[PDB]
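Let me begin by presenting the structure, written as structure tokens, before commenting on it.
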Amino acid sequence: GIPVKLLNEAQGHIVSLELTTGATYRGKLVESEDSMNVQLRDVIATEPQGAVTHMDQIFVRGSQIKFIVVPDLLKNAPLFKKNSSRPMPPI
Amino acid sequence: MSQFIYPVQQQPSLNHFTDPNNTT
Amino acid sequence: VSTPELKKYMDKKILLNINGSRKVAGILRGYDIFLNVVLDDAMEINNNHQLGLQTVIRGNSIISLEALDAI
Amino acid sequence: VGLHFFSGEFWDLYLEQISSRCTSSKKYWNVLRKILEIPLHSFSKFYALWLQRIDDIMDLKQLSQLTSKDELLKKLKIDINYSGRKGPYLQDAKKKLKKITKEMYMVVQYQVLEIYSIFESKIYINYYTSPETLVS
Amino acid sequence: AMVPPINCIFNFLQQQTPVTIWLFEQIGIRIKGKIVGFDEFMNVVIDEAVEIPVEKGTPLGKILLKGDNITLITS
Amino acid sequence: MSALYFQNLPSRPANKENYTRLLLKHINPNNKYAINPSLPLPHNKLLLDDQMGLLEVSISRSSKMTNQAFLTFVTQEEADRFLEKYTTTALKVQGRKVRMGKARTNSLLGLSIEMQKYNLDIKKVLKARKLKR
Amino acid sequence: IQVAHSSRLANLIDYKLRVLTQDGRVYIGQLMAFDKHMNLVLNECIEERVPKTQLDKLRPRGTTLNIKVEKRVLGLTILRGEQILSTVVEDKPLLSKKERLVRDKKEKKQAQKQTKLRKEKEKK
Amino acid sequence: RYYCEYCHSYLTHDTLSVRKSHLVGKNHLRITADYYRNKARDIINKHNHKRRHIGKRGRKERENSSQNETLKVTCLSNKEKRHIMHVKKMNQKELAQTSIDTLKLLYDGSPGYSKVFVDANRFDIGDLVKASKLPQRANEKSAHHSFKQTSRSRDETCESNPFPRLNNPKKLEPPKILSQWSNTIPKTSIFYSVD
RNA sequence: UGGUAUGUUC
RNA sequence: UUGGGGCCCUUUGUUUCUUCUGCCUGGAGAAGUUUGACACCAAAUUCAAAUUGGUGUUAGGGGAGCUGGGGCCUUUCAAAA
RNA sequence: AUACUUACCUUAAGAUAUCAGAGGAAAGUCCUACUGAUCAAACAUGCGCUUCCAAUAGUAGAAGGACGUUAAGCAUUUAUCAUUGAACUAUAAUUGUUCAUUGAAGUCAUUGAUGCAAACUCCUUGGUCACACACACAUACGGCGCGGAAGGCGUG
Ligand SMILES: [Zn+2]
């Protein structure tokens with residue numbers, strides 16, 4: 001579906017995601033999956049009561065995500081286009 | 001061309017007042 | 001469905017927070033498609049008491065799994 | 001450290017933080033008007049930002065971003081509340097503010113070119129090395 | 001060589017090595033025992049089970065433990 | 001019982017309940033009715049709409065008389081005291097100043113207050129049937 | 001604002017929503033997309049929450065309550081459907097329904113022209 | 001199936017290997033770069049008007065405009081505005097790629113220089129620049145570029161470069177001025193500087 | 001009977 | 001066709017449908033309108049041109065015909081009484 | 001562009017409104033440019049339907065913002081834990097108080113945070129339309145100018 005594909009558009013760009021525990025993480029999005037598992041790199045990590053640290057990589061299980069904030073240019077991505085026509089797929 | 005260029009200026013003709021080396 | 005992408009974290013020391021409070025650090029030996037993970041020489045960071053020679057963690061209870069090594 | 005001759009890189013940091021974070025855009029004018037008077041090594045760049053950022057003004061009310069209302073009416077004879085045909089009145093206003101910027105540039109260019117030509121051309125080492133190093 | 005967690009639970013079965021099972025918290029007990037058989041869903045049956053509050057706790061004999069609760073299986 | 005007459009009001013509020021409440025806010029801000037929306041307004045037929053004398057407003061949609069409206073008050077004196085509140089400074093609803101004066105004809109509800117202080121209704125309805133001619 | 005009685009979440013593309021989550025937080029933004037799991041994508045959504053200090057002014061007893069609301073700004077976020085609890089509509093779209101129709105017919109024309117071109121180009 | 005709206009091309013049944021191979025393809029990557037270059041260009045240069053809601057001017061307004069005068073309007077020709085808007089767009093582009101990097105030039109001999117300014121030895125982005133390089137699969141481009149790479153190590157001490165001034169440095173470059181205002185400068189400098 | 005990808009030759 | 005009055009020109013790349021000529025003592029002239037044209041972006045050959053790959057634009061108003069729908073009136077026909 | 005070399009792939013099924021009635025290939029199946037009733041969609045088209053659409057007779061106002069200023073506003077409240085030595089109060093192993101030493105962690109802030117409230121400045125948005133400068137109304141108020149926005153309902 002479109003939202004999971006939008007998360008695939010954001011690979012290599014700084015995203016910020018808040019987990020269900022309350023933690024916030026902002027870092028490059030290295031890899032993402034159809035399950036929403038994400039791996040952030042060079043990540044600045046804010047714990048729920050507010051302490052900030054630096055992590056080299058993190059793998060979060062995507063079940064725990066509340067939201068993800070992607071770069072703002074991606075509203076112009078072509079998967080949002082309503083009227084669109086395909087080139088008649090091959091065999 | 002570009003909107004930033006190095007400045008260029010004329011020499012002041014070297015008497016004893018405009019000599020930077022003068023010590024007397 | 002699809003196995004998680006942890007082929008780069010194998011045989012490296014790793015700290016993951018079980019539930020919301022516990023923090024377990026061990027060497028990752030294997031993983032499942034539910035993100036079950038089995039890591040040798042675990043320890044529960046608080047003094048911190050070792051768990052056992054071989055543990056498995058149900059990935060229902062894992063939130064995040066940052067790696068305390070090179071990758 | 002803001003009056004340093006090489007402090008242009010600081011003011012770039014401050015202006016990019018203002019232009020990303022602030023929603024109002026009055027703070028950018030109020031910082032850049034101060035930067036316009038400092039005799040920095042890279043003073044022209046901020047004159048070019050002010051000239052472009054004047055050139056993109058699209059109506060009369062934006063000119064209250066630049067300075068105050070009373071200073072425009074009294075010093076430069078521009079009325080922001082001018083109701084009428086506002087096209088050529090705006091072109092006249094932009095010509096007047098580009099002139100007042102030209103005189104301020106001319107002052108700062110004299111300052112910067114004097115400081116460079118006598119003094120800062122001559123200093124080569126700007127950093128501490130070690131207790132055993134000598135200076136020419 | 002990788003050991004998947006099915007293989008680790010099956011090795012706990014095959015050597016009868018005694019496990020401590022951490023249930024998830026807000027219940028507040030742990031199950032010590034030995035793993036006799038395990039499910040695809042990680043339900044396990046335990047022979048000579050003891051439950052322990054959080055080492056004086058009660059014995060249970062042989063139980064089927066539903067896998068939705070289990071957090072760690074450690075040895 | 002003397003109704004004031006208002007010209008130069010805005011004619012775009014439309015619905016009478018919305019028009020009365022918005023006007024009444026511009027009259028006395030932080031009124032009881034104006035600051036609680038979705039209260040019923042009193043209908044007082046032959047309950048003060050507002051204290052300090054205001055009893056009803058009465059507007060019409062008739063294309064002869066759009067902007068004009070008529071506020072009727074409790075007594076003859078409050079009608080003159082209301083002009084006193086302006087003190088030669090013009091009240092403004094929205095962006096337009098409201099010229100105001102006592103009406104050439106007293107309000108019908110004002111006549112009901114003074115008469116109690118139905119044959120009149122017979123006369124008025126016969127007037128209406130004559131004007132239908 | 002009045003919303004059509006038979007307006008499902010597929011109709012409400014580009015309206016401005018008011019999404020409510022489990023932790024008591026409201027997300028306000030232009031709706032871009034949705035999914036089977038009901039996980040949205042919101043364009044300019046701004047998070048709001050009631051602080052624990054302001055909260056006891058909501059409890060049942062002045063006339064009107066005034067709640068200072070801690071809001072953060074985030075932009076082009078995707079929410080997760082598991083957390084969503086209910087959605088309400090705040091504002092209509094920018095473009096009118098007629099003007100939206102005009103834009104859609106235009107875009108269909110331009111897309112058909114481009115694939116006709118791409119076909120005839122791959123032939124030569 | 002999988003369809004890439006950037007590349008406008010269908011492919012067969014997507015496996016993570018096939019799809020991940022496509023997304024790092026070269027043809028795909030230039031087309032995707034072009035797509036977002038065009039969309040950023042559009043959200044800059046979209047030239048579209050707000051609605052103008054025109055109010056009937058009062059008479060008290062319309063007397064005071066009768067006093068002042070008509071004021072002359074300057075309008076360029078077609079060819080003139082073609083040239084001048086090319087020039088203005090070029091100025092905004094080169095003023096956007098301008099960056100101030102003087103402080104890296106000034107500290108070029110200092111004792112801890114390699115660890116802070118090389119940017120490959122930093123402790124925060126040192127690993128990331130290493131990961132960023134490429135697969136570098138075509139080495140023919142690497143042999144075509146016949147420069148030496150000349151990397152700065154982290155192990156430098158201040159023993160190398162004892163006396164920096166022994167012909168090793170060049171003067172600081174003069175401050176750049178605006179080319180449109182280049183007659184603003186004072187004509188002659190104060191002192192007679194040879195060379 | 002295919003697709004995407006890769007690099008060489010002309 | 002010429003003159004007068006009012007309002008508008010921020011239409012800010014001075015009408016924004018495109019190109020070319022052009023304008024404030026003015027609101028104008030020529031050519032064009034979808035398998036086409038025009039604007040712009042990116043590269044590398046070692047400036048420009050060249051090409052390949054992309055993103056857009058091709059509008060607003062009025063009229064004649066031709067045609068879909070409603071309301072009202074006339075005539076004619078049939079069955080409800 | 002061709003061609004060649006490899007490397008990676010080459011699939012969850014099923015369906016297209018419902019109910020009833022007549023016909024065709026005793027139970028059910030299938031079908032009918034068949035026929036009723038309901039539903040849904042599109043497109044026309046209407047309702048005395050409902051709400052909303054900004055001064056110029058003036059220098060305003062409405063709606064929403066500010067990740068804006070006054071502002072260190074005004075009022076409260078916060079800034080580690082263990083070990084050892086020394087004085088010390090004391091019903092007291094020395095519970096309280098002060099000074100130094102070793103170890104352990106430690107988001108920045110204290111011009112902060114939190115509570116309250118006000119002024120000011122500025123941004124976006126709108127028919128800044130037409131006819132009017134008018135004595136109305138109890139069945140309470142000709143909803144009897146042209147458009148636009150959004151819904152409600154009805155017909156084809
Ligand atoms: Zn592609």
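Chains: A, B, ... in order of the structure tokens. Residues: from 1 per chain. Ligands: from 1, in order shown.
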Neighbours of ligand 1 within 12 Å, counting only C-alpha atoms (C1' of nucleotides) and all ligand atoms, as a PDB file with C-alpha atoms (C1' of nucleotides), in the first residue's frame?
```
ATOM      1  CA  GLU A   9      11.104   6.168  -0.754  1.00  0.00           C
ATOM      2  CA  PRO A  78       4.783   9.957  -8.011  1.00  0.00           C
TER       3      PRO A  78
ATOM      4  CA  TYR H   2       6.583  -4.024  -9.510  1.00  0.00           C
ATOM      5  CA  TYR H   3       6.405  -0.809 -11.485  1.00  0.00           C
ATOM      6  CA  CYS H   4       8.788   2.117 -11.122  1.00  0.00           C
ATOM      7  CA  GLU H   5       6.940   5.360 -11.724  1.00  0.00           C
ATOM      8  CA  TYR H   6      10.230   7.155 -12.086  1.00  0.00           C
ATOM      9  CA  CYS H   7      11.499   4.832 -14.784  1.00  0.00           C
ATOM     10  CA  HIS H   8       7.947   4.111 -16.078  1.00  0.00           C
ATOM     11  CA  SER H   9       8.833   0.436 -16.447  1.00  0.00           C
ATOM     12  CA  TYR H  10       7.242  -2.818 -15.350  1.00  0.00           C
ATOM     13  CA  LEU H  11       9.290  -5.773 -14.208  1.00  0.00           C
ATOM     14  CA  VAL H  18      15.641  -8.133  -7.844  1.00  0.00           C
ATOM     15  CA  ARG H  19      13.945  -4.988  -6.539  1.00  0.00           C
ATOM     16  CA  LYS H  20      16.944  -3.965  -4.437  1.00  0.00           C
ATOM     17  CA  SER H  21      19.097  -4.484  -7.519  1.00  0.00           C
ATOM     18  CA  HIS H  22      16.793  -2.230  -9.551  1.00  0.00           C
ATOM     19  CA  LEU H  23      16.683   0.629  -7.074  1.00  0.00           C
ATOM     20  CA  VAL H  24      20.466   1.045  -7.154  1.00  0.00           C
ATOM     21  CA  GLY H  25      20.614   0.756 -10.946  1.00  0.00           C
ATOM     22  CA  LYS H  26      22.373   3.541 -12.818  1.00  0.00           C
ATOM     23  CA  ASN H  27      19.631   4.364 -15.323  1.00  0.00           C
ATOM     24  CA  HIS H  28      17.100   4.386 -12.492  1.00  0.00           C
ATOM     25  CA  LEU H  29      19.262   6.605 -10.374  1.00  0.00           C
ATOM     26  CA  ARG H  30      19.799   9.309 -12.972  1.00  0.00           C
ATOM     27  CA  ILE H  31      16.067   9.300 -13.765  1.00  0.00           C
ATOM     28  CA  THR H  32      15.154   9.614 -10.088  1.00  0.00           C
ATOM     29  CA  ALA H  33      17.661  12.416  -9.589  1.00  0.00           C
ATOM     30  CA  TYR H  35      12.645  13.784 -11.158  1.00  0.00           C
TER      31      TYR H  35
ATOM     32  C1'   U I   4      15.410  -6.032 -14.224  1.00  0.00           C
ATOM     33  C1'   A I   5      20.523  -5.559 -13.455  1.00  0.00           C
TER      34        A I   5
END
```
**Study point:** For segment 66-75 of chain H: contacts at 7 Å, only C-alpha atoms (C1' of nucleotides), fewer than 4 positions along chain excluded, given as an MDAnalysis selection string
**Key:** (chainID D and resid 88) or (chainID H and resid 62) or (chainID J and resid 14 24)
Check your understanding: Neighbours of residue 57 of chain C within 10 Å (only C-alpha atoms (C1' of nucleotides); same-chain residues fewer than 5 positions away dropped), as a list in words?
Key -> residues 18, 24, 31, 35, 36, 37, 38, 39 and 62 of chain C; 5, 22, 70, 71, 72, 73 and 74 of chain E
Using the selection just defined, write its residues with N, CA, C and O atoms as a PDB file, in the first residue's frame.
```
ATOM      1  N   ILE C  18      14.387  -5.487  26.258  1.00  0.00           N
ATOM      2  CA  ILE C  18      13.221  -6.401  26.397  1.00  0.00           C
ATOM      3  C   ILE C  18      12.112  -5.615  27.093  1.00  0.00           C
ATOM      4  O   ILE C  18      12.439  -4.851  28.015  1.00  0.00           O
ATOM      5  N   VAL C  24      19.212  -6.279  27.771  1.00  0.00           N
ATOM      6  CA  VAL C  24      19.970  -7.511  27.715  1.00  0.00           C
ATOM      7  C   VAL C  24      21.019  -7.340  26.644  1.00  0.00           C
ATOM      8  O   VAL C  24      20.709  -6.863  25.556  1.00  0.00           O
ATOM      9  N   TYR C  31      18.410 -15.775  14.501  1.00  0.00           N
ATOM     10  CA  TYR C  31      17.193 -14.986  14.451  1.00  0.00           C
ATOM     11  C   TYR C  31      16.131 -15.733  13.657  1.00  0.00           C
ATOM     12  O   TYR C  31      16.427 -16.649  12.894  1.00  0.00           O
ATOM     13  N   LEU C  35      11.392 -12.141  14.673  1.00  0.00           N
ATOM     14  CA  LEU C  35      12.493 -11.483  15.355  1.00  0.00           C
ATOM     15  C   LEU C  35      12.723 -12.083  16.733  1.00  0.00           C
ATOM     16  O   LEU C  35      13.119 -11.393  17.645  1.00  0.00           O
ATOM     17  N   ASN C  36      12.481 -13.373  16.911  1.00  0.00           N
ATOM     18  CA  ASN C  36      13.082 -14.115  18.005  1.00  0.00           C
ATOM     19  C   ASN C  36      14.578 -14.028  17.869  1.00  0.00           C
ATOM     20  O   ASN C  36      15.099 -14.055  16.763  1.00  0.00           O
ATOM     21  N   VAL C  37      15.288 -13.954  18.967  1.00  0.00           N
ATOM     22  CA  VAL C  37      16.729 -13.899  18.843  1.00  0.00           C
ATOM     23  C   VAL C  37      17.343 -14.753  19.931  1.00  0.00           C
ATOM     24  O   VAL C  37      16.875 -14.748  21.067  1.00  0.00           O
ATOM     25  N   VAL C  38      18.400 -15.495  19.590  1.00  0.00           N
ATOM     26  CA  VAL C  38      19.119 -16.313  20.613  1.00  0.00           C
ATOM     27  C   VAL C  38      20.546 -15.768  20.719  1.00  0.00           C
ATOM     28  O   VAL C  38      21.256 -15.806  19.699  1.00  0.00           O
ATOM     29  N   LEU C  39      20.958 -15.301  21.903  1.00  0.00           N
ATOM     30  CA  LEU C  39      22.327 -14.740  22.064  1.00  0.00           C
ATOM     31  C   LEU C  39      23.046 -15.392  23.251  1.00  0.00           C
ATOM     32  O   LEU C  39      22.442 -15.480  24.332  1.00  0.00           O
ATOM     33  N   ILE C  62      10.799  -7.528  22.209  1.00  0.00           N
ATOM     34  CA  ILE C  62      11.933  -6.707  21.818  1.00  0.00           C
ATOM     35  C   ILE C  62      11.406  -5.429  21.215  1.00  0.00           C
ATOM     36  O   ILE C  62      10.474  -5.465  20.415  1.00  0.00           O
TER      37      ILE C  62
ATOM     38  N   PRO E   5      16.170 -20.125  16.556  1.00  0.00           N
ATOM     39  CA  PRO E   5      15.741 -20.325  17.938  1.00  0.00           C
ATOM     40  C   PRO E   5      14.919 -21.575  18.140  1.00  0.00           C
ATOM     41  O   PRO E   5      14.802 -22.067  19.268  1.00  0.00           O
ATOM     42  N   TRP E  22      11.494 -16.674  31.893  1.00  0.00           N
ATOM     43  CA  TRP E  22      11.028 -15.372  32.306  1.00  0.00           C
ATOM     44  C   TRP E  22       9.725 -15.131  31.601  1.00  0.00           C
ATOM     45  O   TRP E  22       9.709 -14.993  30.379  1.00  0.00           O
ATOM     46  N   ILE E  70       5.553 -15.900  27.391  1.00  0.00           N
ATOM     47  CA  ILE E  70       6.964 -16.162  27.625  1.00  0.00           C
ATOM     48  C   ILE E  70       7.818 -15.045  27.063  1.00  0.00           C
ATOM     49  O   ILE E  70       7.622 -14.611  25.933  1.00  0.00           O
ATOM     50  N   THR E  71       8.752 -14.550  27.859  1.00  0.00           N
ATOM     51  CA  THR E  71       9.700 -13.546  27.404  1.00  0.00           C
ATOM     52  C   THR E  71      11.095 -14.079  27.168  1.00  0.00           C
ATOM     53  O   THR E  71      11.617 -13.920  26.081  1.00  0.00           O
ATOM     54  N   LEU E  72      11.713 -14.746  28.128  1.00  0.00           N
ATOM     55  CA  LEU E  72      12.992 -15.388  27.869  1.00  0.00           C
ATOM     56  C   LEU E  72      12.884 -16.852  28.211  1.00  0.00           C
ATOM     57  O   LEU E  72      12.155 -17.233  29.116  1.00  0.00           O
ATOM     58  N   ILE E  73      13.642 -17.661  27.502  1.00  0.00           N
ATOM     59  CA  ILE E  73      13.915 -19.032  27.883  1.00  0.00           C
ATOM     60  C   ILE E  73      15.413 -19.128  28.023  1.00  0.00           C
ATOM     61  O   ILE E  73      16.122 -19.109  27.015  1.00  0.00           O
ATOM     62  N   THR E  74      15.908 -19.210  29.248  1.00  0.00           N
ATOM     63  CA  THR E  74      17.340 -19.150  29.471  1.00  0.00           C
ATOM     64  C   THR E  74      17.745 -20.396  30.228  1.00  0.00           C
ATOM     65  O   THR E  74      16.904 -21.081  30.799  1.00  0.00           O
TER      66      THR E  74
END
```
Check your understanding: How many Å lie between atom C1' of residue 55 of chain K and atom CA of residue 87 of chain F, rounded to one decimal?
Key -> 21.8 Å
**Study point:** helix (DSSP H, G or I) call set, DSSP backbone run, segment 1-106 of chain F, as a count of residues only
**Key:** 27
Practice item. Write out as a PyMOL selection string each polymer residue whose atoms come within 12 Å of segment 20-31 of chain G, counting only C-alpha atoms (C1' of nucleotides); drop sequence neighbours fewer than 4 positions from it. Key: (chain A and resi 3+20-22+66-67+75+80) or (chain G and resi 9-16+35+39-52+55+69-94)
Could you write out the selected residues, including C-alpha atoms, as a PDB file, in the first residue's frame?
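Generated file (selection_27.pdb):
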```pdb
ATOM      1  CA  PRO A   3       2.341   4.468   3.179  1.00  0.00           C
ATOM      2  CA  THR A  20       5.591   3.284  21.385  1.00  0.00           C
ATOM      3  CA  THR A  21       7.712   3.379  24.505  1.00  0.00           C
ATOM      4  CA  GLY A  22       8.161   7.098  24.053  1.00  0.00           C
ATOM      5  CA  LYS A  66       4.030   5.347  16.413  1.00  0.00           C
ATOM      6  CA  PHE A  67       5.001   7.610  13.556  1.00  0.00           C
ATOM      7  CA  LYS A  75       4.930  14.900  -1.074  1.00  0.00           C
ATOM      8  CA  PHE A  80       0.564  10.086  -4.816  1.00  0.00           C
TER       9      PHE A  80
ATOM     10  CA  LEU G   9     -12.012   7.584   4.092  1.00  0.00           C
ATOM     11  CA  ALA G  10     -11.377   7.224   0.369  1.00  0.00           C
ATOM     12  CA  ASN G  11     -13.450  10.307  -0.380  1.00  0.00           C
ATOM     13  CA  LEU G  12     -11.631  12.414   2.176  1.00  0.00           C
ATOM     14  CA  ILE G  13      -8.395  12.737   0.240  1.00  0.00           C
ATOM     15  CA  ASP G  14      -6.914  16.220   0.763  1.00  0.00           C
ATOM     16  CA  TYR G  15      -9.351  17.151   3.485  1.00  0.00           C
ATOM     17  CA  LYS G  16      -7.825  18.166   6.753  1.00  0.00           C
ATOM     18  CA  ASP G  35      -4.191   1.653   3.782  1.00  0.00           C
ATOM     19  CA  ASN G  39      -2.331   3.871   8.606  1.00  0.00           C
ATOM     20  CA  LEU G  40      -2.533   7.394   7.227  1.00  0.00           C
ATOM     21  CA  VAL G  41      -0.056   9.791   5.650  1.00  0.00           C
ATOM     22  CA  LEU G  42      -0.566  13.374   6.734  1.00  0.00           C
ATOM     23  CA  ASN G  43       0.947  16.342   4.941  1.00  0.00           C
ATOM     24  CA  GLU G  44       1.306  19.187   7.452  1.00  0.00           C
ATOM     25  CA  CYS G  45       0.028  17.306  10.530  1.00  0.00           C
ATOM     26  CA  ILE G  46       0.807  19.119  13.831  1.00  0.00           C
ATOM     27  CA  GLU G  47       0.700  16.996  16.992  1.00  0.00           C
ATOM     28  CA  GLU G  48      -1.141  18.305  19.991  1.00  0.00           C
ATOM     29  CA  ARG G  49      -1.381  16.971  23.512  1.00  0.00           C
ATOM     30  CA  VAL G  50      -2.846  18.110  26.822  1.00  0.00           C
ATOM     31  CA  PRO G  51      -0.139  18.316  29.515  1.00  0.00           C
ATOM     32  CA  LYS G  52      -0.747  16.567  32.813  1.00  0.00           C
ATOM     33  CA  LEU G  55      -5.579  18.282  32.505  1.00  0.00           C
ATOM     34  CA  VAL G  69      -2.061  22.674  24.541  1.00  0.00           C
ATOM     35  CA  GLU G  70       1.460  21.476  23.907  1.00  0.00           C
ATOM     36  CA  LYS G  71       1.861  21.234  20.154  1.00  0.00           C
ATOM     37  CA  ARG G  72       4.818  20.051  18.098  1.00  0.00           C
ATOM     38  CA  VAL G  73       5.158  20.535  14.372  1.00  0.00           C
ATOM     39  CA  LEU G  74       6.108  17.634  12.139  1.00  0.00           C
ATOM     40  CA  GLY G  75       5.641  17.343   8.445  1.00  0.00           C
ATOM     41  CA  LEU G  76       4.714  14.568   6.030  1.00  0.00           C
ATOM     42  CA  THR G  77       4.437  11.865   8.606  1.00  0.00           C
ATOM     43  CA  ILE G  78       3.040   8.407   8.247  1.00  0.00           C
ATOM     44  CA  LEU G  79       1.076   7.199  11.234  1.00  0.00           C
ATOM     45  CA  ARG G  80       0.676   3.584  12.205  1.00  0.00           C
ATOM     46  CA  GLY G  81      -2.749   2.107  12.115  1.00  0.00           C
ATOM     47  CA  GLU G  82      -2.467   0.177  15.336  1.00  0.00           C
ATOM     48  CA  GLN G  83      -2.317   3.407  17.309  1.00  0.00           C
ATOM     49  CA  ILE G  84      -5.163   5.238  15.558  1.00  0.00           C
ATOM     50  CA  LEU G  85      -8.362   5.362  17.507  1.00  0.00           C
ATOM     51  CA  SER G  86     -10.811   7.594  15.609  1.00  0.00           C
ATOM     52  CA  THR G  87     -10.659  10.312  12.951  1.00  0.00           C
ATOM     53  CA  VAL G  88     -12.714  13.526  12.624  1.00  0.00           C
ATOM     54  CA  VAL G  89     -12.736  16.069   9.770  1.00  0.00           C
ATOM     55  CA  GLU G  90     -11.606  19.621  10.474  1.00  0.00           C
ATOM     56  CA  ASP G  91     -11.426  21.556   7.227  1.00  0.00           C
ATOM     57  CA  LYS G  92     -12.483  21.187   3.617  1.00  0.00           C
ATOM     58  CA  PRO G  93      -9.926  20.998   0.783  1.00  0.00           C
ATOM     59  CA  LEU G  94      -8.395  24.016  -0.817  1.00  0.00           C
TER      60      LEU G  94
END
```
